[PDB]
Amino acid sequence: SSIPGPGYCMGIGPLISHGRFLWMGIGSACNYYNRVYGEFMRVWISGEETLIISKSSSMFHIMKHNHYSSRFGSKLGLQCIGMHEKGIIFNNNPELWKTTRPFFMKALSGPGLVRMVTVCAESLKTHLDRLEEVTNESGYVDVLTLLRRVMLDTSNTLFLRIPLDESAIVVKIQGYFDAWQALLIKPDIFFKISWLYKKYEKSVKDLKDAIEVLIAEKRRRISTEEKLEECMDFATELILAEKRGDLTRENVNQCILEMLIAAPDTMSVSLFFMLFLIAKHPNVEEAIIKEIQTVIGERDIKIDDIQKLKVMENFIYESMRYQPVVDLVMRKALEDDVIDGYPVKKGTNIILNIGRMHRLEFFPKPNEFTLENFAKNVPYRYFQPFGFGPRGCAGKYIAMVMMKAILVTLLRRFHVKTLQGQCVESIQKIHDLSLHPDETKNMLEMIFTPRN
């Protein structure tokens, strides 16, 4: 089979599609092209032929196999943000990615996952006691800021544990994400004119310098530690691996940064959407509250509770299915292969449109929010909110633990109200690297009213 998509109009075909991606944003452009052309089609970003695919069968093949364990993006963009062959997220060097990933995998499962449930709860408790930091005169809570601050505090106390300026680093992480999202698919021409990206360069430096202060302190505490194996964490694991010569200092520093930004970037927006959904679905709220009463009572949340929280689990799954944040996954072909019916040469970029896939393929009621979509056991080959296989979400299991832990401890204490008629559907969204609220708009606040 030949490949669907717009015509290569003697070099105008590539320029319109790239231009469309730059104007619309990656996400919306992906949804445009899948709607106009097939659910498996071809576009160009820069020179390279890039495939945009929403087919579940294609999705499954790509994530299953090792020869897709790469992403893509502007070399100049990735060098600017420090992700070019340095972290794991957009580390496209297969061998360097292979040797860096285990550090993330170990920290995000096993005992660290068990510690996280209680770390999350305590971190949210402490911030819910300090609601004055985040609440308006008219009682409006800045939930986005609240969630970002707990997510950072959570990540720090588990993976690094060095005291930091919580409020400042949060703003800096937001700055970093903007830079990341801005520069990721900009053409090489964009980087020639310097009064057009130096804005983002400063944002990257702001965060990287701030994290440097923290890693420097961490390095000192490690060198003067008696019981070194008694208090191991993610940052220490990397620093010792560097000392063995397995890792580069620059690489270590990017890993720590990537670990710290991950939850503030994705978890907080996800939980925000989840909280807006609770506010507008009172029947679903009741089920969750009754489940909390049955399973937990007024005991502290524990690791043994998380499996039992089935209703909430289904809620989290449905929220992610219906209103995703990470609705697209970027990959690259490392070997030639035939996929479904189409030829896919090595060096071909892939964008998997998982958001659209979750509205087309398996679910009974795809275009409405219902826990009925998860009333029967969902095959993981039709629902992929995290990705799977050798390059699936490193935090995929811990993320479920964290989301449960904070939803339990928040809803236990407060009823959530939305301002005016606002819902996830009415929120003005940016649909670029991720699907998130346009924060230049207002009416994003909530009202937290006590329970009992």
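Throughout, we count residues from 1 along the sequence that is shown.
Asks: Quick check: 135-143 versus 291-299, which has the larger average CA B-factor in the record?
Replies: On average, C-alpha B-factors are higher across 291-299.
Asks: Taking the mean of the C-alpha B-factors per stretch from the entry, tell me the winner out of 188-196 and 210-218.
Replies: So the stretch with the higher mean C-alpha B-factor is 188-196.
Asks: Sort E237, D153, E318, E230 by C-alpha B-factor from the entry and give me just the highest.
Replies: Result of the comparison over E237, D153, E318, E230: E230.
Asks: Which is it among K172, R71, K346, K75: the one with the largest CA B-factor in the entry?
Replies: Highest C-alpha B-factor among the listed options: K346.
Asks: Sort the modelled residues of this chain by their C-alpha B factor and say whether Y380 lands in the lowest, middle or highest third.
Replies: Middle third, going by the recorded CA B-factors of the chain.
Asks: Based on the entry's values, in what third of the chain does the Cα temperature factor of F369 lie: lowest, middle or highest?
Replies: It falls in the middle third of the chain.
Asks: Rank-wise, by C-alpha B-factor, drop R331 into the lowest, middle or highest third of its chain.
Replies: As the PDB entry reports it, the C-alpha B-factor of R331 lands in the lowest third of its chain.
Asks: So where's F386 on the chain's Cα temperature factor ranking, which third?
Replies: Bottom third by C-alpha B-factor.
Asks: Mind checking which third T157 falls in for C-alpha B-factor across the chain?
Replies: As the PDB entry reports it, the C-alpha B-factor of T157 lands in the middle third of its chain.
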